[PDB]
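Here the structure comes first, spelled out in structure tokens, and everything after it is commentary.
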Amino acid sequence: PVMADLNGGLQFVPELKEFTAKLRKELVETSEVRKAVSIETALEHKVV
Amino acid sequence: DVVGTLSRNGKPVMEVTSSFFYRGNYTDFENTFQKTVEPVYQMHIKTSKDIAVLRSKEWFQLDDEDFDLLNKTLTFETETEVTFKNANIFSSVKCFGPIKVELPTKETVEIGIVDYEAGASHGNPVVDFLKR
Amino acid sequence: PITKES
Amino acid sequence: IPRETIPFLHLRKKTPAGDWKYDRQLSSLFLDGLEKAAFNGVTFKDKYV
């Protein structure tokens with residue numbers, strides 16, 4: 001029997017779950033704050 | 001709108017307020033000004049996004065930049081002074097007063113200052129923000 | 001660089 | 001426990017690589033538990049199984 005690792009060295013990044021989850025949090029955080037700050041600077045412009 | 005202050009022994013005792021109206025048609029907006037004392041606005045800061053939005057605003061100025069706002073309750077005790085260009089457009093808009101954090105004891109304590117200043121505006125964007 | 005054996 | 005020797009009963013630790021290899025320390029903890037148990041007994045009072 002043959003066993004082929006076709007896993008791009010992913011085995012070697014530790015705490016793969018916590019790390020994966022951090023990457024998603026930081027992307028979403030960056031998106032959310034930019035969308036909110038966008039909407040609010042738009043409204044502050046409109047009021048003025 | 002007029003505001004008196006009666007003092008005895010160089011100490012305030014009571015405030016009088018009286019409002020007068022000159023019936024007629026008046027254009028002299030350069031002699032027009034209005035100061036209002038806004039209601040106290042409260043905000044529960046839950047998310048790190050909430051705090052990012054506040055730092056976005058020039059007028060939100062903390063004593064200590066690194067103050068941890070997360071899960072704190074801020075109050076905004078705000079006066080707004082305005083001058084008029086005409087019936088609609090304000091010639092200038094000022095909105096200032098202390099920003100306070102609620103402690104465990106329920107005592108509010110100054111941690112910074114609202115400081116907004118502007119020329120020709122159609123509105124006060126600080127009160128608009130705090131209202132919503 | 002991550003795929004040595006430490 | 002002769003160092004170089006793996007006991008007939010042991011515990012294992014997960015390596016960062018992800019395999020479960022013998023761990024001398026945890027195995028000591030367990031084997032000492034057994035020795036204690038054999039001489040003095042173990043109580044399970046207040047254990048719901």
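Chain labels follow the order of the structure tokens: the first chain is A, the next B, and so on; residue numbering restarts at 1 in every chain, and ligands are counted from 1 in their shown order.
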In chain B, what's alpha helix (DSSP H) per DSSP? Answer as JSON, numbers by chain? {"B": [48, 49, 50, 51, 52, 53, 54, 55, 56, 125, 126, 127, 128, 129, 130, 131]}
Residues from the last selection, N, CA and C atoms, saved as a short mmCIF file (atom, residue, chain, number, x, y, z; two decimals), in the first residue's frame:
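Output saved as again-v6.cif:
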data_model
loop_
_atom_site.label_atom_id
_atom_site.label_comp_id
_atom_site.auth_asym_id
_atom_site.auth_seq_id
_atom_site.Cartn_x
_atom_site.Cartn_y
_atom_site.Cartn_z
N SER B 48 -14.62 45.81 19.76
CA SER B 48 -13.40 46.56 19.38
C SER B 48 -13.67 47.41 18.14
N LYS B 49 -14.76 47.11 17.43
CA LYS B 49 -15.26 47.89 16.27
C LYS B 49 -15.85 49.22 16.78
N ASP B 50 -16.74 49.16 17.77
CA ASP B 50 -17.31 50.34 18.47
C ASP B 50 -16.19 51.34 18.77
N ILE B 51 -15.06 50.86 19.32
CA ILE B 51 -13.98 51.77 19.79
C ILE B 51 -13.27 52.34 18.55
N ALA B 52 -13.06 51.54 17.50
CA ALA B 52 -12.44 51.99 16.23
C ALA B 52 -13.25 53.17 15.67
N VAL B 53 -14.58 53.07 15.66
CA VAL B 53 -15.49 54.12 15.14
C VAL B 53 -15.23 55.41 15.92
N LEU B 54 -15.21 55.35 17.25
CA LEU B 54 -14.97 56.53 18.12
C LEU B 54 -13.62 57.16 17.78
N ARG B 55 -12.55 56.37 17.64
CA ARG B 55 -11.18 56.92 17.36
C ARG B 55 -11.18 57.59 15.99
N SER B 56 -12.06 57.14 15.08
CA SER B 56 -12.27 57.74 13.74
C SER B 56 -12.54 59.24 13.89
N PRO B 125 -22.57 67.33 13.83
CA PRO B 125 -22.38 65.91 13.58
C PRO B 125 -22.03 65.07 14.82
N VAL B 126 -21.76 65.74 15.94
CA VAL B 126 -21.44 65.10 17.26
C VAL B 126 -22.75 64.62 17.87
N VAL B 127 -23.73 65.51 17.98
CA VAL B 127 -25.07 65.18 18.54
C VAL B 127 -25.72 64.13 17.63
N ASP B 128 -25.64 64.29 16.30
CA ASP B 128 -26.21 63.31 15.33
C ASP B 128 -25.64 61.93 15.63
N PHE B 129 -24.31 61.84 15.82
CA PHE B 129 -23.60 60.56 16.09
C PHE B 129 -24.07 59.97 17.42
N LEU B 130 -24.09 60.78 18.48
CA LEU B 130 -24.43 60.31 19.85
C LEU B 130 -25.90 59.89 19.89
N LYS B 131 -26.78 60.58 19.16
CA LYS B 131 -28.23 60.26 19.10
C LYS B 131 -28.42 58.85 18.56
#
Check the DSSP output for the backbone and give back, as an MDAnalysis selection string, the residues of chain D in strand (DSSP E). chainID D and resid 12:14 20:22
Selected residues, N, CA and C atoms, written as an mmCIF file, in the first residue's frame, please.
data_model
loop_
_atom_site.group_PDB
_atom_site.id
_atom_site.type_symbol
_atom_site.label_atom_id
_atom_site.label_comp_id
_atom_site.auth_asym_id
_atom_site.auth_seq_id
_atom_site.Cartn_x
_atom_site.Cartn_y
_atom_site.Cartn_z
ATOM 1 N N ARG D 12 1.467 8.131 27.273
ATOM 2 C CA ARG D 12 2.082 8.756 26.083
ATOM 3 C C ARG D 12 1.783 10.249 26.071
ATOM 4 N N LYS D 13 2.639 11.012 25.411
ATOM 5 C CA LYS D 13 2.478 12.461 25.201
ATOM 6 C C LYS D 13 2.400 12.670 23.696
ATOM 7 N N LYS D 14 1.609 13.630 23.221
ATOM 8 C CA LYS D 14 1.508 13.897 21.768
ATOM 9 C C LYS D 14 2.659 14.820 21.383
ATOM 10 N N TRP D 20 1.942 9.838 19.151
ATOM 11 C CA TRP D 20 1.853 9.586 20.612
ATOM 12 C C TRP D 20 3.019 8.698 21.035
ATOM 13 N N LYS D 21 4.108 9.284 21.530
ATOM 14 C CA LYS D 21 5.327 8.560 21.985
ATOM 15 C C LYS D 21 5.292 8.390 23.514
ATOM 16 N N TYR D 22 5.944 7.348 24.033
ATOM 17 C CA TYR D 22 6.137 7.090 25.488
ATOM 18 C C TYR D 22 6.636 8.372 26.150
#
Would you give me, as a list in words, the residues of chain A that come within 9 Å of chain B, using only C-alpha atoms?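 Listed by rising number, the hits are residues 29, 30, 32, 33, 34, 36, 37, 40, 41, 43, 44, 45, 46, 47 and 48 of chain A.
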Preceding selection exported with N, CA and C atoms as a PDB file, in the first residue's frame:
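The resulting file, out_11.pdb, is reproduced below:
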ATOM      1  N   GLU A  29     -12.661  41.570  11.200  1.00  0.00           N
ATOM      2  CA  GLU A  29     -12.438  42.802  12.008  1.00  0.00           C
ATOM      3  C   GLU A  29     -12.104  43.944  11.029  1.00  0.00           C
ATOM      4  N   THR A  30     -11.029  43.829  10.243  1.00  0.00           N
ATOM      5  CA  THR A  30     -10.561  44.882   9.298  1.00  0.00           C
ATOM      6  C   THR A  30     -11.720  45.325   8.399  1.00  0.00           C
ATOM      7  N   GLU A  32     -15.188  44.877   8.884  1.00  0.00           N
ATOM      8  CA  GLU A  32     -16.265  45.455   9.741  1.00  0.00           C
ATOM      9  C   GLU A  32     -15.941  46.903  10.135  1.00  0.00           C
ATOM     10  N   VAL A  33     -14.766  47.156  10.719  1.00  0.00           N
ATOM     11  CA  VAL A  33     -14.390  48.516  11.209  1.00  0.00           C
ATOM     12  C   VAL A  33     -14.351  49.459  10.001  1.00  0.00           C
ATOM     13  N   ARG A  34     -13.762  49.048   8.886  1.00  0.00           N
ATOM     14  CA  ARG A  34     -13.713  49.916   7.683  1.00  0.00           C
ATOM     15  C   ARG A  34     -15.130  50.218   7.202  1.00  0.00           C
ATOM     16  N   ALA A  36     -17.986  50.250   8.940  1.00  0.00           N
ATOM     17  CA  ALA A  36     -18.622  51.114   9.962  1.00  0.00           C
ATOM     18  C   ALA A  36     -18.070  52.540   9.862  1.00  0.00           C
ATOM     19  N   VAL A  37     -16.744  52.700   9.922  1.00  0.00           N
ATOM     20  CA  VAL A  37     -16.052  54.020   9.826  1.00  0.00           C
ATOM     21  C   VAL A  37     -16.425  54.689   8.497  1.00  0.00           C
ATOM     22  N   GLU A  40     -20.115  56.033   8.784  1.00  0.00           N
ATOM     23  CA  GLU A  40     -20.193  57.136   9.772  1.00  0.00           C
ATOM     24  C   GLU A  40     -19.543  58.397   9.212  1.00  0.00           C
ATOM     25  N   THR A  41     -18.409  58.293   8.499  1.00  0.00           N
ATOM     26  CA  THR A  41     -17.743  59.479   7.891  1.00  0.00           C
ATOM     27  C   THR A  41     -18.650  59.992   6.765  1.00  0.00           C
ATOM     28  N   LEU A  43     -22.047  59.893   6.864  1.00  0.00           N
ATOM     29  CA  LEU A  43     -23.172  60.574   7.568  1.00  0.00           C
ATOM     30  C   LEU A  43     -22.686  61.902   8.151  1.00  0.00           C
ATOM     31  N   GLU A  44     -21.499  61.936   8.767  1.00  0.00           N
ATOM     32  CA  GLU A  44     -20.872  63.173   9.318  1.00  0.00           C
ATOM     33  C   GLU A  44     -20.703  64.190   8.175  1.00  0.00           C
ATOM     34  N   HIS A  45     -20.343  63.735   6.972  1.00  0.00           N
ATOM     35  CA  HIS A  45     -20.231  64.609   5.771  1.00  0.00           C
ATOM     36  C   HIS A  45     -21.618  65.186   5.453  1.00  0.00           C
ATOM     37  N   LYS A  46     -22.630  64.315   5.373  1.00  0.00           N
ATOM     38  CA  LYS A  46     -24.037  64.641   5.012  1.00  0.00           C
ATOM     39  C   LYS A  46     -24.619  65.657   5.997  1.00  0.00           C
ATOM     40  N   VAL A  47     -24.420  65.456   7.297  1.00  0.00           N
ATOM     41  CA  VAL A  47     -24.938  66.378   8.346  1.00  0.00           C
ATOM     42  C   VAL A  47     -24.300  67.752   8.150  1.00  0.00           C
ATOM     43  N   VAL A  48     -22.989  67.804   7.906  1.00  0.00           N
ATOM     44  CA  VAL A  48     -22.208  69.073   7.820  1.00  0.00           C
ATOM     45  C   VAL A  48     -22.556  69.806   6.517  1.00  0.00           C
TER      46      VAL A  48
END
Considering only C-alpha atoms, tabulate each residue of chain D that lies at most 10 Å from chain A along with its nearest interatomic pair and the corresponding distance in Å to one decimal; arrange the rows by chain and ascending residue number and present them as CSV.
residue,atom,partner,partner_atom,distance
D:16,CA,A:14,CA,7.3
D:17,CA,A:12,CA,7.4
D:18,CA,A:11,CA,8.7
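Shortest separation to residue 2 (chain C) among A:42, A:18, A:31, A:10 occurs at residue A:10, atoms counted being only C-alpha atoms.
Interatomic distance, CA of residue 84 (chain B) against CA of residue 25 (chain B): 15.8 Å.
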Using only C-alpha atoms, select each residue of chain C with any atom at most 12 Å away from an atom of chain D, and give the selection as a short mmCIF file (atom, residue, chain, number, x, y, z; two decimals) with N, CA, C and O atoms, in the first residue's frame.
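What ended up in out.cif:
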data_model
loop_
_atom_site.label_atom_id
_atom_site.label_comp_id
_atom_site.auth_asym_id
_atom_site.auth_seq_id
_atom_site.Cartn_x
_atom_site.Cartn_y
_atom_site.Cartn_z
N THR C 3 9.44 23.08 6.32
CA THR C 3 9.34 21.63 6.04
C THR C 3 10.71 20.94 6.17
O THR C 3 10.96 19.98 5.42
N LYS C 4 11.52 21.34 7.15
CA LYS C 4 12.63 20.49 7.69
C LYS C 4 12.02 19.52 8.71
O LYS C 4 10.79 19.51 8.91
N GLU C 5 12.87 18.75 9.40
CA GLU C 5 12.47 17.98 10.61
C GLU C 5 13.41 18.40 11.77
O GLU C 5 14.61 18.14 11.67
N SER C 6 12.85 19.13 12.73
CA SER C 6 13.49 20.25 13.48
C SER C 6 14.89 19.85 13.98
O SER C 6 15.11 19.78 15.21
#
Mind checking which residues fall within 12 Å of residue 5 (chain D), counting only C-alpha atoms, ignoring those fewer than 2 positions away in the same chain, and posting them as number ranges by chain? D: 1-3, 7-10, 22-24, 27
I'd like the contact shell of residue 103 (chain B) - 10 Å cut-off, only C-alpha atoms, skipping same-chain residues fewer than 4 positions apart - returned as a VMD selection string. chain B and resid 72 to 74 107 to 109
Now that the selection is made, can you save its residues with N, CA and C atoms as a compact mmCIF listing (two decimals), in the first residue's frame?
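Below is the file out_21.txt, written as the result:
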# COMPACT_ATOMS: atom_id res chain seq x y z
N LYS B 72 -16.78 49.27 28.82
CA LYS B 72 -16.96 50.47 29.67
C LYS B 72 -18.20 51.21 29.18
N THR B 73 -18.80 52.01 30.06
CA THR B 73 -19.97 52.87 29.75
C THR B 73 -19.50 54.33 29.78
N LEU B 74 -19.46 54.98 28.63
CA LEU B 74 -19.08 56.40 28.49
C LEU B 74 -20.35 57.24 28.57
N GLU B 107 -20.36 55.87 39.93
CA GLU B 107 -19.74 57.21 39.78
C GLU B 107 -19.15 57.33 38.37
N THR B 108 -19.52 58.38 37.63
CA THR B 108 -18.91 58.79 36.34
C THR B 108 -17.69 59.67 36.62
N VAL B 109 -16.59 59.48 35.89
CA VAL B 109 -15.28 60.17 36.08
C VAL B 109 -14.75 60.64 34.73
Would you please work out which residue, of A:27, A:17, A:22, A:9, is nearest to chain C when using only C-alpha atoms? A:9
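Taking CA of residue 39 (chain B) and CA of residue 14 (chain B) as endpoints, the distance between them is 21.0 Å.
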What is the distance, in Å and to one decimal place, between CA of residue 117 (chain B) and CA of residue 91 (chain B)?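 That distance, rounded to one decimal, is 11.3 Å.
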